Amino acid sequence: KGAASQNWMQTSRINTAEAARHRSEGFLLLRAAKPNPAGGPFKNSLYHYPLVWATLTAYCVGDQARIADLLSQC
Amino acid sequence: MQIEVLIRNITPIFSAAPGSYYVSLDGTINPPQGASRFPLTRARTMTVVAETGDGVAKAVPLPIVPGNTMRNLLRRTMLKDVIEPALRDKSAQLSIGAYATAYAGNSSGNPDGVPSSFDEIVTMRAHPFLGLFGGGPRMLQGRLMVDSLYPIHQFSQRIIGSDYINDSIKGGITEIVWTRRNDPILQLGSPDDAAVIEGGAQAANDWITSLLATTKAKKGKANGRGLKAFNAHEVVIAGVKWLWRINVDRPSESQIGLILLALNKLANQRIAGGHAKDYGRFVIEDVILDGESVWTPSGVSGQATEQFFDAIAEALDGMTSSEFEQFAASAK
Amino acid sequence: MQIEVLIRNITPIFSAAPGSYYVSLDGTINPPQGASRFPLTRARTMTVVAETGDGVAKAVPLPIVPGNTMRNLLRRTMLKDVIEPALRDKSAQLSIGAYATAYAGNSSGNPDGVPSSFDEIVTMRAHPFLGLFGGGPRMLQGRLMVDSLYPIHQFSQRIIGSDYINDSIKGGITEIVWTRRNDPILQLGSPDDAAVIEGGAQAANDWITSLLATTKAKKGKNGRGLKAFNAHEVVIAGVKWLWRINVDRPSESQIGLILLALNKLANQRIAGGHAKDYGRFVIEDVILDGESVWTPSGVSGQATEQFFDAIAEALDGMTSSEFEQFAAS
Amino acid sequence: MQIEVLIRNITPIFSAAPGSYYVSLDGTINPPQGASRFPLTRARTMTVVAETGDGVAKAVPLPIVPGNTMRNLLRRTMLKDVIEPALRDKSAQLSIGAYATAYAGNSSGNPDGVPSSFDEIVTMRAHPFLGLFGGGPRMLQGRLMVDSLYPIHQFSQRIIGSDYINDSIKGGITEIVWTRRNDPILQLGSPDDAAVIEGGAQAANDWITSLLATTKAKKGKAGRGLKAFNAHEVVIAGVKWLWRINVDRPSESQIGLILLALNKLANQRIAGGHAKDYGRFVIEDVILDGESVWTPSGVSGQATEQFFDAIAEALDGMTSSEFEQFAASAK
DNA sequence: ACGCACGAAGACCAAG
DNA sequence: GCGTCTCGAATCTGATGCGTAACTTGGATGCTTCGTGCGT
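Novice: Lay out the protein's contact with DNA strand E in plain terms, naming residues and giving numbers.
Specialist: All names here are of chain A. Close to DNA strand E lie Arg31, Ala32 and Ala33. Among atoms of DNA strand E positioned within 4 Å of the protein, sugar and phosphate together represent 100%. Contact distances for DNA strand E include 3.0 Å between a phosphate oxygen and a backbone N or O atom of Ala32. Here a phosphate oxygen of DNA strand E and a backbone polar atom of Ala33 are 3.3 Å apart.

Novice: With reference to specific residues and values, describe the pairing of strand 8 (residues 228–235) of chain D.
Specialist: Each regular strand carries side chains that alternate between the two faces of the sheet. All names here are of chain D. With six of eight residues buried, strand 8 is to be regarded as a mostly interior element. Note that strand 3 (residues 38–41) and strand 8 share two bridges and pair parallel. For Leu40, the partnering residue across the bridge sits in strand 8 and is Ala231. Where strand 7 (residues 174–181) and strand 8 come together, eight bridges link them in antiparallel fashion. Within the sheet, the bridge partner assigned to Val177 lies in strand 8 and is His232.

Novice: Account for a negative patch on the surface, with residues named and values stated.
Specialist: Residue and element names in this part refer to chain B. A surface patch of negative charge is lined by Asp89, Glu253, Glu306, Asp310, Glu314 and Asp317. Residue contributions to the negative patch peak at four residues, all from helix 8 (residues 306–318). Residue position: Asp89 is located in helix 1 (residues 67–89). By relative accessible area, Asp89 is classed as exposed at 69%.

Novice: Before we move on, could you go through the environment of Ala204 of chain D and cite the residues and values that matter?
Specialist: Residues and elements named next belong to chain D. Here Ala204 shows up in helix 6 (residues 201–221). Taking the relative accessible area as the measure of exposure, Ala204 reaches 8% and is therefore buried. The spatial distance from the C-alpha of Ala204 to the C-alpha of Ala194 is 7.4 Å, given a sequence separation of ten residues. Among residues more than four places away in sequence, those in contact with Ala204 are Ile185 and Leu188.

Novice: Tell me what's going on with the packing of helix 1 (residues 16–25) of chain A against helix 3 (residues 118–125) of chain B, and back it up with residues and numbers.
Specialist: Across the interface, helix 1 of chain A lies against helix 3 of chain B with an axial gap of 9 Å and an inter-helix angle of 95°. Our classification of the angle between helix 1 of chain A and helix 3 of chain B gives roughly perpendicular. Residue-level contacts link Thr16, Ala17, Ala19, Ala20, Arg21, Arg23 and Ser24 of chain A of helix 1 of chain A to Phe118, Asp119, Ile121, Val122 and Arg125 of chain B of helix 3 of chain B.

Novice: Talk me through the interface of chain D and chain C; I want residue IDs and the actual numbers.
Specialist: Chain D puts eleven residues into the contact, and the matching count from chain C is twelve residues. Between the two partners, chain D and chain C, sit one salt bridge. Residues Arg249 of chain D and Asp193 of chain C are paired through a salt bridge, measuring 3.5 Å at the closest nitrogen-oxygen approach. Here the residues of the side of chain D that touches chain C sort into five nonpolar, two polar and four charged.

Novice: Residues and numbers for the packing of helix 3 of chain B against helix 9 (residues 321–328) of chain B, please.
Specialist: All names here are of chain B. Following both chains from N to C, one finds helix 3 and helix 9 inclined at 130°, their axes separated by 11 Å at the closest point. Here helix 3 is positioned oblique relative to helix 9, judged by the angle of their axes. By crossing handedness, the relation of helix 3 to helix 9 is classed as left-handed. For the pair helix 3 and helix 9, contact is made by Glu120, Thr123 and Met124 and by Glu323, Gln326 and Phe327, respectively. Considered class by class, the residues forming the contact of helix 3 with helix 9 number two nonpolar, two polar and two charged.

Novice: Give me the lowdown on the interface of chain B and chain D, citing residues and values where you can.
Specialist: Counting residues at the interface gives 44 residues for chain B and 43 residues for chain D. Both faces considered, chain B and chain D share a buried interface measuring about 3600 Å² in area, 56% of it formed by carbon and sulfur atoms. At the boundary of chain B and chain D, one finds zero salt bridges. Inspection of the chain B/chain D interface yields 15 residue pairs in polar contact. Of all the elements in the fold, those that place two or more residues in the side of chain B that touches chain D are strand 1 (2–9), strand 7 (174–181) and helix 6 (201–221) of chain B. The leading source of residues in the side of chain B that touches chain D is strand 7 of chain B, at six residues.

Novice: Can you break down the protein's contact with DNA strand F residue by residue, with the values?
Specialist: Taken together, 57 residues surround DNA strand F, and among them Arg225 of chain B, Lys219 and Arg224 of chain C together with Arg224 and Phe229 of chain D come closest. Of all atoms in DNA strand F that approach within 4 Å of the protein, 60% are sugar or phosphate atoms. Measuring from a phosphate oxygen of DNA strand F, one finds a side-chain N or O atom of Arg31 of chain A at 3.2 Å. Between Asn110 of chain B and DNA strand F, the recorded distance is 3.2 Å, taken from a side-chain N or O atom to a sugar or linking oxygen. Looking at side-chain class alone, the surface near DNA strand F contains 23 nonpolar, 18 polar and 16 charged residues.

Novice: Account for a positive patch on the surface, with residues named and values stated.
Specialist: Residues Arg180, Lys218, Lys219, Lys221, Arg224 and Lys227 of chain C make up a contiguous surface patch of positive charge. Take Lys218 of chain C: it is sitting in helix 4 (residues 201–220).

Novice: Outline the packing of aromatic side chains, supporting the account with residue identities and numerical values.
Specialist: Tallying each qualifying case throughout the model produces 23 aromatic pairs over all chains. For the pair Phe38 of chain B and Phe230 of chain B, a centre-to-centre distance of 5.5 Å together with 85° between the ring planes defines the contact as edge-to-face. With relative accessibility at 28%, the residue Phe230 of chain B sits in the partly exposed group. Seen from their ring centres, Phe38 of chain D and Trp178 of chain D are 5.7 Å apart, and the 85° between their planes marks the pair as edge-to-face.

Novice: Provide a residue-level description of the sheet that holds strand 7 of chain D, including the pertinent values.
Specialist: All names here are of chain D. Read from one edge to the other, the open sheet built from four strands follows the order 2-3-8-7, with strand pairing classed as mixed. At either end of the open sheet lies a strand with only one pairing partner, and these are strand 2 (21–23) and strand 7. Recorded for the sheet is a direction-independent mean angle of 35° between the axes of neighbouring strands. Bridge analysis of strand 2 against strand 3 gives three bridges, and the strand direction is antiparallel.

Conventions we followed
Residues numbered from 1 in each chain as written, not as in the entry; some residues may be left out. Chains lettered and ligands numbered in written order. Part of a larger assembly, values for the part shown. Heavy atoms only, no water. Near = heavy atom within 4 Å. Polar contact = N/O pair within 3.5 Å; in protein donor to acceptor, adjacent residues only side chain to side chain. Buried < 20%, exposed > 50% of the residue type's maximum accessible area, 1.4 Å probe, protein only. Helix = DSSP H or I, 4+ residues; strand = E, 2+ residues; numbered from the N terminus. Pairing = 2+ DSSP bridges. Patch = residues over 30% accessible without salt bridge, like charges linked within 9 Å, V, L, I, M, F, W, Y side chains within 5 Å. Areas by Shrake-Rupley, 256 points an atom, 1.4 Å probe, with all protein chains shown as cover. Salt bridge = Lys/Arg side-chain N within 4 Å of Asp/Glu carboxyl O. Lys, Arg positive; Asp, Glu negative; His and termini not counted. Charge placed at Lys NZ, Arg CZ, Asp CG, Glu CD. Contact = heavy atoms within 4.5 Å. Axes fitted to C-alpha atoms, helices over the stretch in contact; angles between N-to-C directions. Parallel < 35°, antiparallel > 145°, perpendicular 65-115°, else oblique. Nonpolar A, V, L, I, M, F, W, Y, C, P; charged D, E, K, R; others polar. Left-handed = near helix turned anticlockwise from the far one by under 90°. Buried area = accessible area lost by both parts, 1.4 Å probe. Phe/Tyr/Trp six-rings, centres within 6.5 Å; stacked < 30°, edge-to-face > 60°.

What follows is the structure, encoded as structure tokens:
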């Protein structure tokens, strides 16, 4: 690691304003009165994963030319 | 819809920037400790990236008025001049909670944390007023995207574009105003002036003796404070033109009409603080509605705005306190 | 197929960073406990390594807009501007599962996990919209790989590169904006102002009395009043950003949808601050595999005419049944 | 509620600008250090944007009287000519804190952090005087918005508007007055002149020789004596000014009080130069929400009768309890 | 008849 | 269809106070199942 790992936060949510508008206009076929952010189709979710600056080094037994060619497209 | 409003300030505009600053008598901000320094309340400035004549882009401070201040100005105009007159005309009474929600977004500092029903969201977001600002205990998304007040300046060319270059002002647009406070008892000069004072000359002598003792104690130490004060505040000079950009996320004609009415009655209001000194006075020069000018000498008018005004008139006629009461009500 | 979108923000961009941060009235972040502290909502920053005065490169916080935020921004632009209107023109109706899959990639339509045949994978990963953003019960891999919004800055030269040295800014590009909330009852000045309130003067008096009692109790030592003073950090206006979008093996329809979203992208905001009009911007250059395809009137020209025709044909023949099949509902 | 007042200064107006400025003997402000640098007290100017006739906006200095100065002038006029005589008729005496709050908005520099109750706010904002001028330990907001005194100039048309263009003046309206202080003993040159001084000629000789020694020591060096030569900068006499007073939703009594103060406003000077009779002015016109209510004998007419009647009744019902309640701290 | 909707409920340690 | 001499000199060339106060000092949410009714 060239620097300390950073805890990256990401969420996921469906805009309830747009969902309500679509439900009103008939675009969305939903009968439920309210969204449920704790669970269901309109659930908000909070998750984290770490981000690192790193130099990846690994050792292998194989063909240099073909491995380098494969890694060229990565 | 994009609304661009052109504003010229008749009187200096003063928006206090939080934080302690000091200035010397000469006018140098944060002076060296050797000279005498006086407290200074600087005008709020926003750092912006400006392409100066050198061709390079650098971050420069720009004296502005916050977007929150302009949003509250719009909301207060709307309420005090359009919505509340209609509610009182139809004898509609808001609760204290509904009042606080209409004027500040929420009736307390604790959001409910419970979701709103879809029909409630659709009803509120179609409301002429609550739809624009939103909020409430169930924090709803409003339609009103309201921006800061950027002076038409050389430093704001990258932000507001180059279609207002004729109104641009080159040099600094900020000025420092010095303010004084006097001890009234020190201007007494006859027993007649002290006759209205209970006790009179004895009371004046006691006040002056206490003042002298306090001044000597403060000079020696270098806990009440006297009435002698000399400080400064920093204002934007009068006569500079500002650009105000208001965006609304797909509004009904009632909401556009309400915004237009607020713009028509906006010049009667004042932009920022400085009530005593009559700061913040302005006049609207041009209001642009989706790239077209809809401002007349009378105000926002014309054939293109007739539908908005009719729709907002109908909405005001049909407006009742029930929507505000339902919006401000808390689930728990 | 690389897309390079150069973006200049008209208004400050506010991507709230998670966490409780504090600032003082002078602007010092996380002040010592001696002075008064006010809550601060900092802008999102990514720790990057940069040559600070040459020497040895050290880690510095670079203010960015997360890649997930702009992935969702592209998805929302597509849906709101070229997909949802197209479905309305056919009077299409989307179930809850299909809607969730289209708008957030959710799998609540059929969370059991559905097996996708190779023919089905070919059919659905070639969908003009759903192919780009995978997900749903199938959890197909999307063809889209968007990057974060990195500003053209001295510290981002190792990510952006040296291709935009002319538009780079050397100083810090953040600022602190102070926000205040007022108690409206404390700003009543006459019975005319209290007429619209049901209790008149008595309701305001009770409100002020309760506020005073609560304030005194808290000072000596539940419920919170309306008065508040806080701050939040935004990236100053005018800074230029570089946005990179890539696709693995696009059809003409998917590239056309990308270009349509780019044409309609400026109508949306970036990150948060909708109330304060934060995130406004203007597209300055769209580069399609090394060639500039941006004109003053939007993405146009002969070099991008095939994509627009293909996406128009795909939109005309677009049906909700494709969305239902992708959602496996 | 908008009041426009047209004011022409009979005598020069001297509103000093804080800061040590310097002038050479020929009138150059902040001269090169080679020449002489007699100190100068500059008239206060506020930078304003103005069109110089070419259609380009320019920030130019415009000499003004600060809005705070005129607001305190109005407050003092009201207190000295209307409020106190009303209080004196009933022999009602303000306390020292109440008097200080009435005359300066507070009795001390430490405000109370609590907000005043709604009953108190309603009581005070309806008061003829305390409603206009807010303040007190609880920061009440007054109804008065007093603006600066803008000369009707070419540089102020962008501010005061084009309603008064025949009264505009093109050139500079500011001038430098040279002030000198003599040493009485140096002018004392007769034995009879020193006959009134203790010690007679010995004291004067000691004074002169001590002055000579101090002057020689100060010149060689490279307590201050009496001799002086300074300059102060004043706005010339005869310029017209526009004073804009705005009030938000006033009662009849408050408008009556303002008009009463404007009737007796010319009896007081604007700012500075008491010794030299500076600040004298005459009111040319008073505009009352677009209507001119100025007669040769003051603000008169049927349009202003109700205001005067209301303020007269309010003064007849004026008691010190409001002032005492306003000035009393809540802690 | 069958799928959707709505509320009660149960795991619970606990800092710098 | 006239000009020289003259065509200054020496001070002074600031001083004093004031040179902040009070509050605000965050809030809420990111679970899924089981049972019982209620709309297609």
